[PDB]
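J.: Handing you this structure, nothing more for now.
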Amino acid sequence: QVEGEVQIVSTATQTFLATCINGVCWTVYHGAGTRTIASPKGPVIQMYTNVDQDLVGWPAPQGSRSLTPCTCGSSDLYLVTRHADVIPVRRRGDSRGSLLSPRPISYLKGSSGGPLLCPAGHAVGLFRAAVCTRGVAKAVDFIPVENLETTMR
Amino acid sequence: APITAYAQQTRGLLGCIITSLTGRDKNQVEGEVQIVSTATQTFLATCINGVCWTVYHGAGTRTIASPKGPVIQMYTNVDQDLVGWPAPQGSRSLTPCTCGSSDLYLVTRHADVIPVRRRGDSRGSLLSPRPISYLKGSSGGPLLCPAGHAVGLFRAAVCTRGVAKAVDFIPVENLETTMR
Amino acid sequence: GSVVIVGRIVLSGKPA
Amino acid sequence: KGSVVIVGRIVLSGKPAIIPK
Ligand SMILES: *[B]([O])([O-])[C]([C][C][O])[N]C(=O)[C]1[C][C](OC2=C3[C]=[C][C]=[C]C3=[C][C]=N2)[C]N1C(=O)[C]([N]C(=O)O[C]1[C][C][C][C]1)C([C])([C])[C]
Ligand SMILES: *[B]([O])([O-])[C]([C][C][O])[N]C(=O)[C]1[C][C](OC2=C3[C]=[C][C]=[C]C3=[C][C]=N2)[C]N1C(=O)[C]([N]C(=O)O[C]1[C][C][C][C]1)C([C])([C])[C]
Ligand SMILES: [Mg+2]
Ligand SMILES: [Mg+2]
Ligand SMILES: [Zn+2]
Ligand SMILES: [Zn+2]
């Protein structure tokens with residue numbers, strides 16, 4: 001009965017990530033569309049849709065536990081891939097961070113909607129897109145967490 | 001880093017008492033923090049540098065139950081409110097912080113990592129206050145620097161009306177002092 | 001279409 | 001007086017993992 005904060009999810013076409021934060025299982029619009037999420041009682045509809053911010057959220061499913069939004073404001077971040085690799089990332093602006101070690105783009109495929117955590121492992125943002133020179137991912141775009149809290153209100 | 005924690009219960013109330021009395025404990029040990037109980041109360045004990053430390057106001061002068069029966073404290077310092085046994089076979093020690101950072105993270109008996117800002121030698125403030133009851137039984141747990149190194153052990157809560165807003169703690173330095 | 005769950009990830013690395 | 005007893009553990013050294021099936 002171990003519970004995960006991060007779910008690995010799939011449409012017919014893509015395969016990507018979702019993250020539970022504050023009781024809600026968020027992911028990316030460009031992956032999810034307005035699809036329902038499956039449950040064994042049948043489909044469950046999106047609780048939040050925000051086409052602007054590439055942000056969708058359902059009610060967190062069974063076998064899941066939520067993260068808490070980062071409150072320490074640290075700039076040292078860690079991306080979690082869909083292979084459960086951890087990537088150190090240094091916060092630039094609000095939604096930009098740069099990999100302390102840049103790497104092949106294939107190393108982050110299937111990982112949008114993955115989280116970015118502070119030193120405390122609390123949630124800083126969801127990962128949206130890769131800044132990159134040919135071949136090589138160098139920084140990341142991510143939905144910041146305050147966007148979630150104010151989609152919730 | 002990132003610092004993430006989980007918790008595992010290894011014993012029941014009944015088995016805890018029997019083991020307290022016999023002092024003989026054959027359960028296998030893992031991890032850096034141990035959840036520990038006397039007959040009266042329960043708290044945390046942190047392994048740093050091959051020694052298993054915890055608050056004196058919890059352990060008093062007791063032995064620790066081990067595979068070979070009761071084990072005497074190596075170190076006792078009533079004034080630091082600090083106590084030590086040789087780290088149990090199979091535990092892992094933390095290393096003292098040396099970056100000297102002021103952004104701390106406190107580990108909770110519920111395996112939560114809550115951020116603390118250092119405000120002096122042995123005092124730091126919570127970024128978001130908590131009910132004092134949330135922290136009961138976390139005495140003896142570690143505060144970490146962003147690197148995951150030990151900065152101090154949690155001693156007491158600073159509060160009013162049952163809401164804690166800052167934590168008081170034994171700094172790692174005091175450990176070294178207590179060894180000498 | 002329906003979004004489906006194919007795996008989970010525990011951040012603390014907690015075992016069975 | 002009775003011995004102090006380990007009744008649980010907290011593990012920091014764990015790193016993110018795919019929950020096995
Ligand atoms: B994910 O679904 O698995 C996937 C993981 C990355 O490998 N994400 C992508 O492929 C994203 C999706 C597209 O970007 C966006 C986007 C970006 C910013 C704001 C809103 C939206 C909305 C919808 N889609 C393409 N993409 C990329 O990662 C691309 N990188 C990119 O566009 O970089 C810029 C985006 C803002 C700043 C840099 C590629 C495919 C070229 C890597
Ligand atoms: B522990 O047994 O699980 C528990 C975990 C924290 O809730 N510890 C406590 O509740 C401690 C124990 C008592 O404090 C002390 C103490 C404190 C400082 C130096 C030496 C000693 C020695 C013995 N006991 C009470 N306590 C507290 O947290 C208290 N807070 C407090 O005393 O705060 C002041 C002291 C330093 C900073 C302000 C209470 C419960 C009264 C809030
Ligand atoms: Mg861990
Ligand atoms: Mg935890
Ligand atoms: Zn944080
Ligand atoms: Zn340090």
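The chains in the structure tokens are called A, B, ... from first to last as shown; in each chain the residues are counted from 1, and the ligands are counted from 1 in the order shown.
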Extract, using only C-alpha atoms, all DNA, RNA and protein residues at most 7 Å from residue 10 (chain D), discarding same-chain residues fewer than 5 positions from it, and format them as a VMD selection string.

T.: chain B and resid 5 to 8 31 to 34 111

J.: Give the residues close to ligand 5, within 12 Å, counting only C-alpha atoms and all ligand atoms; write them as a ChimeraX atom specification.

T.: /A:67-78,116-125,145 /B:1-4,103-106,113-117,126-128,146

J.: Neighbours of ligand 2 at 9 Å or closer, counting only C-alpha atoms and all ligand atoms: which residues, as a PyMOL selection string?

T.: chain B and resi 41-44+55-58+78-82+123+132-141+154-160+162-164+166-170

J.: Give me the residues of chain C that have any atom at most 10 Å from an atom of ligand 4; for each, the nearest atom pair and the distance in Å, rounded to one decimal. Use only C-alpha atoms and all ligand atoms, sort by chain and number, and format it as a Markdown table.

T.:
| residue | atom | partner | partner_atom_place_in_ligand_line | distance |
| --- | --- | --- | --- | --- |
| C:10 | CA | ligand 4 | 1 (Mg) | 9.9 |
| C:11 | CA | ligand 4 | 1 (Mg) | 8.4 |
| C:12 | CA | ligand 4 | 1 (Mg) | 6.2 |
| C:13 | CA | ligand 4 | 1 (Mg) | 9.6 |
| C:14 | CA | ligand 4 | 1 (Mg) | 8.9 |

J.: Using only N, CA and C atoms, please write the residues we just selected to a file, as a JSON list (two decimals), in the first residue's frame.

T.:
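This went into result_37.json:
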[["chain", "number", "residue", "atom", "x", "y", "z"],
["C", 10, "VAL", "N", 7.08, 6.88, -6.51],
["C", 10, "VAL", "CA", 7.12, 7.37, -5.14],
["C", 10, "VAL", "C", 8.41, 8.14, -4.98],
["C", 11, "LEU", "N", 8.30, 9.38, -4.53],
["C", 11, "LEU", "CA", 9.49, 10.22, -4.40],
["C", 11, "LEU", "C", 10.47, 9.86, -3.27],
["C", 12, "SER", "N", 9.94, 9.37, -2.15],
["C", 12, "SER", "CA", 10.80, 8.98, -1.03],
["C", 12, "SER", "C", 11.53, 7.66, -1.30],
["C", 13, "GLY", "N", 11.05, 6.90, -2.28],
["C", 13, "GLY", "CA", 11.63, 5.62, -2.63],
["C", 13, "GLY", "C", 11.19, 4.52, -1.68],
["C", 14, "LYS", "N", 10.08, 4.74, -0.98],
["C", 14, "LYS", "CA", 9.52, 3.76, -0.04],
["C", 14, "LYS", "C", 9.18, 2.44, -0.72]]

J.: Enumerate as a ChimeraX atom specification the residues within 12 Å of ligand 6, counting only C-alpha atoms and all ligand atoms.

T.: /A:119 /B:1,94-105,143-152,172

J.: Give as a list in words the residues surrounding ligand 1 up to a distance of 7 Å, considering only C-alpha atoms and all ligand atoms.

T.: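 Checked against 7 Å with only C-alpha atoms and all ligand atoms; the hits are residues 15, 16, 30, 31, 53, 54, 105, 108, 109, 110, 111, 112, 128, 129, 130, 131, 132 and 141 of chain A.
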
J.: Just give me the gap between CA of residue 7 (chain D) and CA of residue 37 (chain B) in Å, one decimal is fine.

T.: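 Separating CA of residue 7 (chain D) from CA of residue 37 (chain B) is a distance of 6.8 Å.
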
J.: Under the rule that only C-alpha atoms and all ligand atoms are counted, which of B:64, B:73, B:112, B:88 is the nearest residue to ligand 3?

T.: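 Ranked by minimum distance to ligand 3, first place goes to B:112.
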
J.: Which residues, written as an mmCIF file with N, CA, C and O atoms, in the first residue's frame, have at least one atom at most 8 Å from region 1-9 of chain C, with only C-alpha atoms counted and residues fewer than 6 positions away on the same chain left out?

T.:
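out21.cif, freshly written:
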data_model
loop_
_atom_site.group_PDB
_atom_site.id
_atom_site.type_symbol
_atom_site.label_atom_id
_atom_site.label_comp_id
_atom_site.auth_asym_id
_atom_site.auth_seq_id
_atom_site.Cartn_x
_atom_site.Cartn_y
_atom_site.Cartn_z
ATOM 1 N N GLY A 4 2.110 6.805 -4.528
ATOM 2 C CA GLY A 4 2.962 7.686 -5.344
ATOM 3 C C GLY A 4 2.458 9.110 -5.499
ATOM 4 O O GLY A 4 1.261 9.348 -5.586
ATOM 5 N N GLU A 5 3.370 10.070 -5.527
ATOM 6 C CA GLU A 5 2.983 11.450 -5.800
ATOM 7 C C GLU A 5 2.847 11.696 -7.298
ATOM 8 O O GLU A 5 2.097 12.579 -7.718
ATOM 9 N N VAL A 6 3.560 10.905 -8.096
ATOM 10 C CA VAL A 6 3.637 11.131 -9.522
ATOM 11 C C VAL A 6 3.134 9.953 -10.317
ATOM 12 O O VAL A 6 3.641 8.843 -10.201
ATOM 13 N N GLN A 7 2.138 10.206 -11.146
ATOM 14 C CA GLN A 7 1.562 9.148 -11.953
ATOM 15 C C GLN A 7 2.098 9.228 -13.358
ATOM 16 O O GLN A 7 2.297 10.322 -13.893
ATOM 17 N N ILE A 8 2.324 8.056 -13.941
ATOM 18 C CA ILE A 8 2.714 7.927 -15.328
ATOM 19 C C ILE A 8 1.459 7.627 -16.143
ATOM 20 O O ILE A 8 0.828 6.573 -15.963
ATOM 21 N N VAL A 9 1.096 8.539 -17.043
ATOM 22 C CA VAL A 9 -0.180 8.426 -17.750
ATOM 23 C C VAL A 9 -0.047 8.356 -19.267
ATOM 24 O O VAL A 9 1.018 8.658 -19.815
ATOM 25 N N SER A 10 -1.145 7.971 -19.930
ATOM 26 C CA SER A 10 -1.170 7.711 -21.379
ATOM 27 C C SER A 10 -2.501 8.016 -22.050
ATOM 28 O O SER A 10 -3.561 7.631 -21.545
ATOM 29 N N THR A 11 -2.427 8.706 -23.192
ATOM 30 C CA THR A 11 -3.519 8.751 -24.178
ATOM 31 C C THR A 11 -3.258 7.683 -25.249
ATOM 32 O O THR A 11 -2.331 6.874 -25.113
ATOM 33 N N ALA A 12 -4.076 7.659 -26.299
ATOM 34 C CA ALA A 12 -3.854 6.715 -27.390
ATOM 35 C C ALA A 12 -2.563 7.078 -28.123
ATOM 36 O O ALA A 12 -1.785 6.195 -28.497
ATOM 37 N N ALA A 32 -3.130 15.995 -22.225
ATOM 38 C CA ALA A 32 -4.427 15.547 -21.761
ATOM 39 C C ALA A 32 -5.594 15.967 -22.661
ATOM 40 O O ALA A 32 -6.577 15.237 -22.810
ATOM 41 N N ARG A 35 -9.638 15.417 -21.973
ATOM 42 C CA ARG A 35 -10.031 14.048 -21.699
ATOM 43 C C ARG A 35 -10.397 13.869 -20.221
ATOM 44 O O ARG A 35 -9.959 14.633 -19.351
ATOM 45 N N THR A 36 -11.240 12.873 -19.963
ATOM 46 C CA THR A 36 -11.475 12.381 -18.614
ATOM 47 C C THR A 36 -10.332 11.453 -18.235
ATOM 48 O O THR A 36 -9.648 10.902 -19.108
ATOM 49 N N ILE A 37 -10.136 11.272 -16.933
ATOM 50 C CA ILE A 37 -9.199 10.269 -16.420
ATOM 51 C C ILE A 37 -9.970 9.020 -15.983
ATOM 52 O O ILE A 37 -11.073 9.125 -15.446
ATOM 53 N N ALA A 38 -9.402 7.848 -16.237
ATOM 54 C CA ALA A 38 -10.076 6.586 -15.961
ATOM 55 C C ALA A 38 -10.097 6.289 -14.474
ATOM 56 O O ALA A 38 -9.201 6.690 -13.733
ATOM 57 N N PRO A 43 -15.246 6.997 -16.001
ATOM 58 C CA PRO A 43 -14.496 8.209 -16.287
ATOM 59 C C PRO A 43 -14.732 9.240 -15.214
ATOM 60 O O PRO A 43 -15.814 9.283 -14.634
ATOM 61 N N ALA A 84 12.169 8.236 -13.348
ATOM 62 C CA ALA A 84 12.542 8.525 -11.971
ATOM 63 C C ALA A 84 14.014 8.898 -11.844
ATOM 64 O O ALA A 84 14.656 8.601 -10.838
ATOM 65 N N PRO D 16 13.838 8.765 -5.521
ATOM 66 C CA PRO D 16 12.602 8.513 -6.257
ATOM 67 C C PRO D 16 12.608 7.206 -7.032
ATOM 68 O O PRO D 16 13.607 6.870 -7.657
ATOM 69 N N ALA D 17 11.502 6.471 -6.983
ATOM 70 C CA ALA D 17 11.437 5.171 -7.637
ATOM 71 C C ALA D 17 10.073 4.854 -8.268
ATOM 72 O O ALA D 17 9.034 5.346 -7.800
ATOM 73 N N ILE D 18 10.087 4.050 -9.336
ATOM 74 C CA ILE D 18 8.846 3.543 -9.933
ATOM 75 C C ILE D 18 8.342 2.428 -9.036
ATOM 76 O O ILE D 18 9.053 1.452 -8.782
ATOM 77 N N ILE D 19 7.120 2.597 -8.546
ATOM 78 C CA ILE D 19 6.496 1.622 -7.693
ATOM 79 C C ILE D 19 6.335 0.346 -8.497
ATOM 80 O O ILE D 19 5.669 0.348 -9.525
#

J.: Using CA of residue 165 (chain B) and CA of residue 129 (chain B) as the two end points, give the distance in Å to one decimal.

T.: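 Calculated distance between CA of residue 165 (chain B) and CA of residue 129 (chain B) is 4.6 Å.
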
J.: Run DSSP on the backbone and tell me which residues of chain D come out as strand (DSSP E or B); list them as a list in words.

T.: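 Across chain D, those assigned strand (DSSP E or B) are residues 4, 5, 6, 7, 8, 9, 10, 11, 17 and 18 of chain D.
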
J.: What is the distance, in Å and to one decimal place, between CA of residue 89 (chain B) and CA of residue 3 (chain A)?

T.: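 Separating CA of residue 89 (chain B) from CA of residue 3 (chain A) is a distance of 29.2 Å.
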
J.: Select, from B:107, B:174, B:28, B:86, the residue with the minimum atom-to-atom distance to ligand 3, counting only C-alpha atoms and all ligand atoms.

T.: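 Going through B:107, B:174, B:28, B:86 one by one, the smallest distance to ligand 3 is for B:107.
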
J.: Check every residue of chain D for an atom within 6 Å of chain B, counting only C-alpha atoms, and provide those that qualify as a list in words.

T.: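 Only these qualify: residues 2, 3, 4, 5, 6, 7, 8, 9, 10, 11 and 12 of chain D.
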